[PDB]
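> Dropping in run.txt, which is compact mmCIF, N, CA, C and O atoms:
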# COMPACT_ATOMS: atom_id res chain seq x y z
N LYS A 245 1.91 -20.18 -32.67
CA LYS A 245 2.02 -21.42 -31.93
C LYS A 245 3.44 -21.74 -31.50
O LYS A 245 3.62 -22.47 -30.53
N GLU A 246 4.45 -21.23 -32.19
CA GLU A 246 5.85 -21.48 -31.86
C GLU A 246 6.52 -20.14 -31.53
O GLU A 246 7.62 -19.84 -31.97
N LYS A 247 5.78 -19.28 -30.83
CA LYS A 247 6.31 -17.99 -30.41
C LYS A 247 7.63 -18.15 -29.70
O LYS A 247 8.62 -17.49 -30.04
N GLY A 248 7.67 -19.05 -28.76
CA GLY A 248 8.71 -19.11 -27.76
C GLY A 248 8.20 -18.50 -26.48
O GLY A 248 7.02 -18.19 -26.33
N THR A 249 9.11 -18.33 -25.54
CA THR A 249 8.78 -17.69 -24.28
C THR A 249 8.95 -16.19 -24.47
O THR A 249 10.04 -15.72 -24.79
N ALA A 250 7.88 -15.45 -24.25
CA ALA A 250 7.91 -14.03 -24.46
C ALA A 250 8.83 -13.35 -23.45
O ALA A 250 9.16 -13.91 -22.41
N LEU A 251 9.23 -12.14 -23.79
CA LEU A 251 10.10 -11.40 -22.89
C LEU A 251 9.37 -10.96 -21.65
O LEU A 251 10.02 -10.63 -20.65
N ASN A 252 8.05 -10.94 -21.68
CA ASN A 252 7.30 -10.62 -20.48
C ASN A 252 7.59 -11.61 -19.38
O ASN A 252 7.56 -11.24 -18.20
N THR A 253 7.89 -12.85 -19.73
CA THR A 253 8.17 -13.89 -18.75
C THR A 253 9.62 -14.31 -18.78
O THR A 253 9.95 -15.40 -18.31
N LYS A 254 10.49 -13.49 -19.34
CA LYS A 254 11.91 -13.78 -19.38
C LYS A 254 12.78 -12.64 -18.92
O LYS A 254 13.93 -12.88 -18.56
N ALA A 255 12.29 -11.41 -18.95
CA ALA A 255 13.13 -10.24 -18.82
C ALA A 255 13.90 -10.25 -17.51
O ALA A 255 13.29 -10.48 -16.46
N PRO A 256 15.21 -10.03 -17.50
CA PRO A 256 15.92 -10.07 -16.23
C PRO A 256 15.62 -8.86 -15.38
O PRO A 256 14.97 -7.90 -15.80
N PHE A 257 16.09 -8.93 -14.14
CA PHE A 257 16.00 -7.84 -13.19
C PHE A 257 14.57 -7.39 -12.96
O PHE A 257 14.32 -6.25 -12.59
N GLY A 258 13.62 -8.28 -13.14
CA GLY A 258 12.26 -7.95 -12.81
C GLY A 258 11.68 -6.86 -13.64
O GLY A 258 10.85 -6.09 -13.16
N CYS A 259 12.05 -6.81 -14.90
CA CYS A 259 11.42 -5.88 -15.80
C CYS A 259 10.05 -6.45 -16.09
O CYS A 259 9.94 -7.65 -16.38
N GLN A 260 9.01 -5.65 -15.99
CA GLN A 260 7.72 -6.05 -16.53
C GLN A 260 7.43 -5.18 -17.72
O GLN A 260 7.44 -3.95 -17.60
N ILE A 261 7.18 -5.79 -18.86
CA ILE A 261 6.99 -5.06 -20.09
C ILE A 261 5.53 -4.75 -20.27
O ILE A 261 4.67 -5.61 -20.06
N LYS A 262 5.24 -3.51 -20.62
CA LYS A 262 3.98 -3.11 -21.21
C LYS A 262 4.23 -2.75 -22.66
O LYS A 262 5.38 -2.61 -23.09
N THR A 263 3.16 -2.50 -23.40
CA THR A 263 3.27 -2.60 -24.85
C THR A 263 3.00 -1.32 -25.62
O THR A 263 3.70 -1.09 -26.61
N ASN A 264 2.02 -0.49 -25.26
CA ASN A 264 1.53 0.46 -26.25
C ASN A 264 2.57 1.52 -26.59
O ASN A 264 3.02 1.56 -27.74
N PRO A 265 3.02 2.37 -25.67
CA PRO A 265 4.37 2.91 -25.75
C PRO A 265 5.40 1.92 -25.22
O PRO A 265 5.81 2.05 -24.08
N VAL A 266 5.75 0.90 -26.03
CA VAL A 266 6.40 -0.31 -25.53
C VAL A 266 7.54 0.02 -24.60
O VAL A 266 8.41 0.84 -24.92
N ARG A 267 7.52 -0.59 -23.42
CA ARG A 267 8.41 -0.14 -22.37
C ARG A 267 8.66 -1.27 -21.41
O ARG A 267 7.85 -2.18 -21.26
N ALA A 268 9.77 -1.15 -20.69
CA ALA A 268 10.12 -2.03 -19.59
C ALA A 268 10.02 -1.23 -18.31
O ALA A 268 10.67 -0.19 -18.19
N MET A 269 9.25 -1.72 -17.35
CA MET A 269 8.97 -0.97 -16.15
C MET A 269 9.51 -1.67 -14.92
O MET A 269 9.60 -2.91 -14.86
N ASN A 270 9.86 -0.84 -13.94
CA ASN A 270 10.32 -1.26 -12.62
C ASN A 270 11.55 -2.13 -12.71
O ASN A 270 11.71 -3.08 -11.95
N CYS A 271 12.46 -1.77 -13.59
CA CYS A 271 13.64 -2.58 -13.82
C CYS A 271 14.71 -2.22 -12.81
O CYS A 271 15.17 -1.07 -12.78
N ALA A 272 15.15 -3.18 -12.03
CA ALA A 272 16.08 -2.93 -10.94
C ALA A 272 17.49 -3.19 -11.43
O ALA A 272 17.96 -4.33 -11.42
N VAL A 273 18.18 -2.13 -11.83
CA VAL A 273 19.58 -2.22 -12.23
C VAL A 273 20.24 -0.89 -12.00
O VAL A 273 19.66 0.17 -12.26
N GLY A 274 21.48 -0.93 -11.53
CA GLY A 274 22.30 0.26 -11.52
C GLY A 274 21.83 1.33 -10.56
O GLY A 274 20.86 1.19 -9.83
N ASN A 275 22.55 2.45 -10.60
CA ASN A 275 22.41 3.56 -9.68
C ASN A 275 22.02 4.82 -10.43
O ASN A 275 22.54 5.08 -11.52
N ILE A 276 21.11 5.59 -9.85
CA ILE A 276 20.72 6.89 -10.38
C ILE A 276 21.53 7.92 -9.62
O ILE A 276 21.39 8.01 -8.39
N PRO A 277 22.40 8.70 -10.27
CA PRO A 277 23.05 9.80 -9.57
C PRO A 277 22.16 11.02 -9.61
O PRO A 277 21.62 11.36 -10.66
N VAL A 278 22.00 11.68 -8.47
CA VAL A 278 21.14 12.84 -8.34
C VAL A 278 21.99 14.02 -7.93
O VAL A 278 22.84 13.88 -7.03
N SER A 279 21.78 15.16 -8.58
CA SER A 279 22.41 16.41 -8.21
C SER A 279 21.33 17.39 -7.81
O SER A 279 20.38 17.60 -8.56
N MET A 280 21.47 17.97 -6.63
CA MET A 280 20.41 18.77 -6.03
C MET A 280 20.93 20.12 -5.58
O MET A 280 21.95 20.21 -4.89
N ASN A 281 20.23 21.17 -6.00
CA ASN A 281 20.49 22.56 -5.62
C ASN A 281 19.34 23.06 -4.77
O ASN A 281 18.21 23.16 -5.26
N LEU A 282 19.61 23.38 -3.51
CA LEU A 282 18.58 23.69 -2.53
C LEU A 282 18.56 25.17 -2.15
O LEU A 282 19.62 25.76 -1.95
N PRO A 283 17.39 25.80 -2.04
CA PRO A 283 17.34 27.13 -1.46
C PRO A 283 17.64 27.10 0.02
O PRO A 283 17.65 26.05 0.67
N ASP A 284 17.90 28.28 0.56
CA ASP A 284 18.12 28.41 1.99
C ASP A 284 16.81 28.29 2.75
O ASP A 284 16.82 27.85 3.91
N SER A 285 15.69 28.62 2.14
CA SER A 285 14.42 28.49 2.83
C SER A 285 14.09 27.04 3.12
O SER A 285 13.25 26.76 3.98
N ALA A 286 14.72 26.11 2.42
CA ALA A 286 14.54 24.69 2.65
C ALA A 286 15.49 24.14 3.70
O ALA A 286 15.41 22.95 3.99
N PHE A 287 16.36 24.96 4.27
CA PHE A 287 17.15 24.55 5.41
C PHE A 287 16.55 25.16 6.67
O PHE A 287 15.59 25.94 6.62
N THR A 288 17.13 24.82 7.81
CA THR A 288 16.74 25.34 9.11
C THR A 288 17.96 25.93 9.79
O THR A 288 18.99 25.27 9.90
N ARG A 289 17.83 27.17 10.23
CA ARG A 289 18.97 27.88 10.79
C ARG A 289 19.40 27.18 12.07
O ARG A 289 18.60 26.54 12.75
N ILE A 290 20.69 27.28 12.37
CA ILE A 290 21.23 26.54 13.51
C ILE A 290 20.60 27.00 14.82
O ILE A 290 20.33 26.18 15.70
N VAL A 291 20.37 28.30 14.97
CA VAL A 291 19.85 28.81 16.23
C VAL A 291 18.45 28.31 16.54
O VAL A 291 18.02 28.39 17.69
N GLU A 292 17.73 27.78 15.55
CA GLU A 292 16.34 27.39 15.72
C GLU A 292 16.14 25.89 15.72
O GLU A 292 15.00 25.44 15.60
N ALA B 293 23.13 37.51 43.27
CA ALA B 293 23.38 37.00 41.93
C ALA B 293 23.67 35.52 42.02
O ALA B 293 24.24 35.06 43.02
N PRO B 294 23.28 34.74 41.02
CA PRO B 294 23.41 33.30 41.14
C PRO B 294 24.86 32.89 41.26
O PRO B 294 25.75 33.52 40.69
N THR B 295 25.10 31.84 42.03
CA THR B 295 26.44 31.32 42.20
C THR B 295 26.52 30.02 41.43
O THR B 295 25.75 29.09 41.68
N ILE B 296 27.46 29.96 40.50
CA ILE B 296 27.64 28.86 39.58
C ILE B 296 28.82 28.02 40.02
O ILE B 296 29.91 28.55 40.27
N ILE B 297 28.61 26.72 40.12
CA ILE B 297 29.61 25.78 40.61
C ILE B 297 29.78 24.68 39.59
O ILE B 297 28.81 24.24 38.97
N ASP B 298 31.02 24.21 39.42
CA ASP B 298 31.32 23.01 38.65
C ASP B 298 30.80 23.18 37.22
O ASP B 298 29.87 22.51 36.78
N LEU B 299 31.34 24.18 36.54
CA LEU B 299 30.92 24.52 35.18
C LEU B 299 31.87 23.81 34.23
O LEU B 299 33.08 24.04 34.29
N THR B 300 31.34 22.93 33.39
CA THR B 300 32.09 22.23 32.37
C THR B 300 31.44 22.45 31.02
O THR B 300 30.21 22.35 30.90
N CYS B 301 32.25 22.78 30.03
CA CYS B 301 31.81 23.28 28.74
C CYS B 301 32.16 22.30 27.63
O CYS B 301 33.32 21.89 27.52
N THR B 302 31.18 21.95 26.80
CA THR B 302 31.41 21.13 25.62
C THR B 302 30.74 21.78 24.43
O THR B 302 29.68 22.38 24.56
N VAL B 303 31.37 21.66 23.26
CA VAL B 303 30.94 22.37 22.06
C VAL B 303 30.08 21.45 21.21
O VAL B 303 30.50 20.36 20.83
N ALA B 304 28.88 21.91 20.89
CA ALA B 304 27.97 21.07 20.12
C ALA B 304 28.39 21.02 18.67
O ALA B 304 28.66 19.94 18.13
N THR B 305 28.45 22.17 18.02
CA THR B 305 28.88 22.26 16.63
C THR B 305 29.79 23.45 16.47
O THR B 305 29.72 24.42 17.23
N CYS B 306 30.64 23.39 15.46
CA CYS B 306 31.73 24.35 15.31
C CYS B 306 31.93 24.53 13.81
O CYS B 306 32.55 23.69 13.17
N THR B 307 31.37 25.60 13.25
CA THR B 307 31.56 25.92 11.84
C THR B 307 32.03 27.35 11.79
O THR B 307 31.26 28.27 12.07
N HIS B 308 33.28 27.57 11.40
CA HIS B 308 33.87 28.89 11.53
C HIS B 308 33.41 29.81 10.40
O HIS B 308 34.19 30.34 9.62
N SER B 309 32.11 30.02 10.36
CA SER B 309 31.52 30.91 9.40
C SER B 309 31.70 32.34 9.88
O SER B 309 32.10 32.59 11.01
N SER B 310 31.40 33.28 9.01
CA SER B 310 31.38 34.66 9.43
C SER B 310 30.28 34.90 10.44
O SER B 310 30.48 35.60 11.43
N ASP B 311 29.12 34.31 10.23
CA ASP B 311 28.04 34.48 11.19
C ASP B 311 28.31 33.60 12.40
O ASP B 311 29.33 32.91 12.48
N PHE B 312 27.40 33.62 13.37
CA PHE B 312 27.64 32.96 14.64
C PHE B 312 27.45 31.46 14.47
O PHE B 312 26.46 30.86 14.90
N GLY B 313 28.43 30.85 13.84
CA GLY B 313 28.33 29.51 13.34
C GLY B 313 28.77 28.42 14.27
O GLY B 313 28.84 27.26 13.84
N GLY B 314 29.08 28.73 15.51
CA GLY B 314 29.42 27.71 16.50
C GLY B 314 28.42 27.77 17.63
O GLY B 314 27.95 28.85 17.98
N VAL B 315 28.10 26.62 18.19
CA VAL B 315 27.19 26.53 19.32
C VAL B 315 27.82 25.63 20.34
O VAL B 315 28.23 24.50 20.02
N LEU B 316 27.88 26.11 21.58
CA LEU B 316 28.38 25.35 22.71
C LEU B 316 27.36 25.43 23.83
O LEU B 316 26.54 26.34 23.88
N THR B 317 27.39 24.42 24.69
CA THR B 317 26.47 24.35 25.81
C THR B 317 27.27 24.25 27.08
O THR B 317 28.28 23.56 27.14
N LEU B 318 26.79 24.95 28.10
CA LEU B 318 27.42 25.01 29.39
C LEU B 318 26.56 24.24 30.38
O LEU B 318 25.36 24.50 30.50
N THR B 319 27.19 23.28 31.05
CA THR B 319 26.57 22.52 32.12
C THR B 319 27.13 23.00 33.44
O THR B 319 28.34 23.14 33.59
N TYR B 320 26.25 23.23 34.40
CA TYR B 320 26.62 23.90 35.63
C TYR B 320 25.71 23.42 36.75
O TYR B 320 24.95 22.47 36.58
N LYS B 321 25.80 24.07 37.91
CA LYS B 321 24.97 23.72 39.06
C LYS B 321 24.73 25.00 39.85
O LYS B 321 25.59 25.42 40.62
N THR B 322 23.58 25.60 39.65
CA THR B 322 23.31 26.91 40.21
C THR B 322 22.58 26.79 41.53
O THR B 322 22.41 25.69 42.07
N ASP B 323 22.16 27.92 42.07
CA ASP B 323 21.39 27.97 43.30
C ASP B 323 20.13 28.80 43.21
O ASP B 323 19.21 28.55 43.99
N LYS B 324 20.05 29.76 42.30
CA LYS B 324 18.82 30.49 42.10
C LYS B 324 18.75 30.92 40.65
O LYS B 324 19.78 31.13 40.00
N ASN B 325 17.54 31.05 40.14
CA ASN B 325 17.36 31.43 38.76
C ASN B 325 17.66 32.90 38.59
O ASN B 325 17.25 33.73 39.40
N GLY B 326 18.37 33.24 37.52
CA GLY B 326 18.79 34.62 37.36
C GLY B 326 19.68 34.74 36.15
O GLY B 326 20.07 33.75 35.53
N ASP B 327 19.92 35.98 35.72
CA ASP B 327 20.72 36.20 34.49
C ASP B 327 22.08 36.78 34.87
O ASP B 327 22.14 37.57 35.83
N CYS B 328 23.14 36.38 34.15
CA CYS B 328 24.46 36.91 34.43
C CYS B 328 25.35 36.91 33.20
O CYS B 328 25.05 36.28 32.18
N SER B 329 26.43 37.66 33.32
CA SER B 329 27.34 37.90 32.21
C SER B 329 27.99 36.62 31.75
O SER B 329 28.31 35.75 32.55
N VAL B 330 28.18 36.51 30.44
CA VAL B 330 28.92 35.41 29.85
C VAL B 330 29.85 35.99 28.82
O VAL B 330 29.43 36.80 27.99
N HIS B 331 31.13 35.64 28.88
CA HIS B 331 32.07 36.24 27.95
C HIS B 331 33.30 35.37 27.76
O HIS B 331 33.73 34.69 28.70
N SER B 332 33.82 35.36 26.55
CA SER B 332 34.96 34.54 26.17
C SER B 332 36.23 35.36 26.25
O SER B 332 36.38 36.35 25.53
N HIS B 333 37.15 34.93 27.11
CA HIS B 333 38.30 35.74 27.44
C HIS B 333 39.32 35.87 26.33
O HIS B 333 40.25 36.66 26.48
N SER B 334 39.20 35.13 25.25
CA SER B 334 40.15 35.22 24.16
C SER B 334 39.40 35.66 22.92
O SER B 334 38.25 35.30 22.72
N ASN B 335 40.07 36.45 22.10
CA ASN B 335 39.45 36.90 20.87
C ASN B 335 39.43 35.83 19.80
O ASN B 335 39.08 36.14 18.65
N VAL B 336 39.80 34.59 20.12
CA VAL B 336 39.60 33.51 19.18
C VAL B 336 38.13 33.24 18.97
O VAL B 336 37.76 32.71 17.92
N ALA B 337 37.28 33.58 19.92
CA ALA B 337 35.85 33.40 19.77
C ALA B 337 35.16 34.63 20.31
O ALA B 337 35.63 35.26 21.25
N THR B 338 34.03 34.98 19.70
CA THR B 338 33.20 36.07 20.17
C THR B 338 31.79 35.56 20.35
O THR B 338 31.22 34.98 19.42
N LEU B 339 31.22 35.76 21.52
CA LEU B 339 29.91 35.21 21.83
C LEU B 339 28.85 36.22 21.45
O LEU B 339 28.98 37.40 21.75
N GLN B 340 27.81 35.74 20.80
CA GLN B 340 26.73 36.62 20.39
C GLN B 340 26.02 37.18 21.61
O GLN B 340 25.65 38.35 21.63
N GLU B 341 25.80 36.35 22.61
CA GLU B 341 24.98 36.72 23.74
C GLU B 341 25.87 37.29 24.82
O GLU B 341 26.98 36.80 25.04
Would you mind giving the structure from this file in structure tokens?

Amino acid sequence: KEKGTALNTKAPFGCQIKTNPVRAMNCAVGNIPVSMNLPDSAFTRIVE
Amino acid sequence: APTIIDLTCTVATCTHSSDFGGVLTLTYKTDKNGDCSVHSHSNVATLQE
């Protein structure tokens, strides 16, 4: 009865919490750096 | 043989790779369709075609 306001309705940055593997989803914060190694078959030759 | 007039050349891309890594386009004004020699007078560039 005196839970308080749950984190489901408080979490910043639009985190929506699910519970079973307890987790915060779709949380908008920060930057993901990506490093990518591409084959040549995934490029297109200049002449074409 | 075709007569070419008012030929102005601009380079699309220029990557000095070992392979034929530069591409340029020639704008001109011809009179009949036909094939003719194209060649770069300096050894700074070598044309594939």
> Please list as a list in words every residue within 7 Å of range 303-316 of chain B, counting all atoms listed in the file and excluding residues in the same chain fewer than 3 positions away.
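Everything that qualifies: residues 290 and 291 of chain A; 338 and 340 of chain B.
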> Taking all atoms of range 259-268 of chain A that the file lists and extending 8 Å past them on each side, where is the centre of the axis-aligned box and how long are its edges? Answer in Å to one decimal, as JSON.

{"center_x": 6.8, "center_y": -2.4, "center_z": -21.3, "size_x": 26.5, "size_y": 26.6, "size_z": 28.8}
> Chain A: which residues are strand (DSSP E or B) by DSSP, as a ChimeraX atom specification?
/A:260-262,267-269
> Expressed in Å to a single decimal, how great is the separation between atom C of residue 296 in chain B and atom C of residue 337 in chain B?
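According to the coordinates, atom C of residue 296 in chain B and atom C of residue 337 in chain B are separated by 21.7 Å.
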> Using all atoms listed in the file, which protein or nucleic acid residues come within 5 Å of residue 271 in chain A? Drop anything in the same chain fewer than 5 positions from it, and give the result as an MDAnalysis selection string.
chainID A and resid 257:259
> For the residues selected in the previous step, produce a file with N, CA, C and O atoms as a compact mmCIF listing (two decimals), in the frame of the given file.

# COMPACT_ATOMS: atom_id res chain seq x y z
N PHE A 257 16.09 -8.93 -14.14
CA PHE A 257 16.00 -7.84 -13.19
C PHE A 257 14.57 -7.39 -12.96
O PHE A 257 14.32 -6.25 -12.59
N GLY A 258 13.62 -8.28 -13.14
CA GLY A 258 12.26 -7.95 -12.81
C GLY A 258 11.68 -6.86 -13.64
O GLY A 258 10.85 -6.09 -13.16
N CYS A 259 12.05 -6.81 -14.90
CA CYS A 259 11.42 -5.88 -15.80
C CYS A 259 10.05 -6.45 -16.09
O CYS A 259 9.94 -7.65 -16.38
> For atom O of residue 326 in chain B and atom N of residue 295 in chain B, quote the distance in Å rounded to one decimal.
8.4 Å
> Separation of atom C of residue 328 in chain B and atom C of residue 341 in chain B, in Å?
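Value for the atom C of residue 328 in chain B-atom C of residue 341 in chain B distance: 8.4 Å.
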> For residue 260 in chain A, find every residue with an atom within 7 Å (counting only C-alpha atoms), except residues of its own chain fewer than 6 positions away, and show them as a VMD selection string.
chain A and resid 252 268 to 270
> Could you give me, as a PyMOL selection string, the residues within 6 Å of residue 318 in chain B, counting all atoms listed in the file and dropping anything in the same chain fewer than 5 positions from it?
chain B and resi 300-302
> Put those residues in a file: N, CA, C and O atoms, as a CSV table (one decimal), in the coordinates of the input.

chain,number,residue,atom,x,y,z
B,300,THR,N,31.3,22.9,33.4
B,300,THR,CA,32.1,22.2,32.4
B,300,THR,C,31.4,22.4,31.0
B,300,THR,O,30.2,22.4,30.9
B,301,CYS,N,32.2,22.8,30.0
B,301,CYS,CA,31.8,23.3,28.7
B,301,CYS,C,32.2,22.3,27.6
B,301,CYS,O,33.3,21.9,27.5
B,302,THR,N,31.2,22.0,26.8
B,302,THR,CA,31.4,21.1,25.6
B,302,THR,C,30.7,21.8,24.4
B,302,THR,O,29.7,22.4,24.6
> Env of residue 320 in chain B: 4.5 Å cut, atoms = all atoms listed in the file, seq-sep filter 6 positions within chain, self excluded. Answer as a ChimeraX atom specification.
/B:297-299
> Could you tell me, as a ChimeraX atom specification, which residues of chain A DSSP assigns to helix (DSSP H, G or I) when given the backbone?
/A:251-253,256-258,284-286
> Produce a file of the selected residues containing N, CA, C and O atoms, as a compact mmCIF listing (two decimals), in the coordinates of the input.

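And here's again.txt as it stands now:
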# COMPACT_ATOMS: atom_id res chain seq x y z
N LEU A 251 9.23 -12.14 -23.79
CA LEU A 251 10.10 -11.40 -22.89
C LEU A 251 9.37 -10.96 -21.65
O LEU A 251 10.02 -10.63 -20.65
N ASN A 252 8.05 -10.94 -21.68
CA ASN A 252 7.30 -10.62 -20.48
C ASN A 252 7.59 -11.61 -19.38
O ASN A 252 7.56 -11.24 -18.20
N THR A 253 7.89 -12.85 -19.73
CA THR A 253 8.17 -13.89 -18.75
C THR A 253 9.62 -14.31 -18.78
O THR A 253 9.95 -15.40 -18.31
N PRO A 256 15.21 -10.03 -17.50
CA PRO A 256 15.92 -10.07 -16.23
C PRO A 256 15.62 -8.86 -15.38
O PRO A 256 14.97 -7.90 -15.80
N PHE A 257 16.09 -8.93 -14.14
CA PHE A 257 16.00 -7.84 -13.19
C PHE A 257 14.57 -7.39 -12.96
O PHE A 257 14.32 -6.25 -12.59
N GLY A 258 13.62 -8.28 -13.14
CA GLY A 258 12.26 -7.95 -12.81
C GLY A 258 11.68 -6.86 -13.64
O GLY A 258 10.85 -6.09 -13.16
N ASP A 284 17.90 28.28 0.56
CA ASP A 284 18.12 28.41 1.99
C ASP A 284 16.81 28.29 2.75
O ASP A 284 16.82 27.85 3.91
N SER A 285 15.69 28.62 2.14
CA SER A 285 14.42 28.49 2.83
C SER A 285 14.09 27.04 3.12
O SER A 285 13.25 26.76 3.98
N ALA A 286 14.72 26.11 2.42
CA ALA A 286 14.54 24.69 2.65
C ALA A 286 15.49 24.14 3.70
O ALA A 286 15.41 22.95 3.99
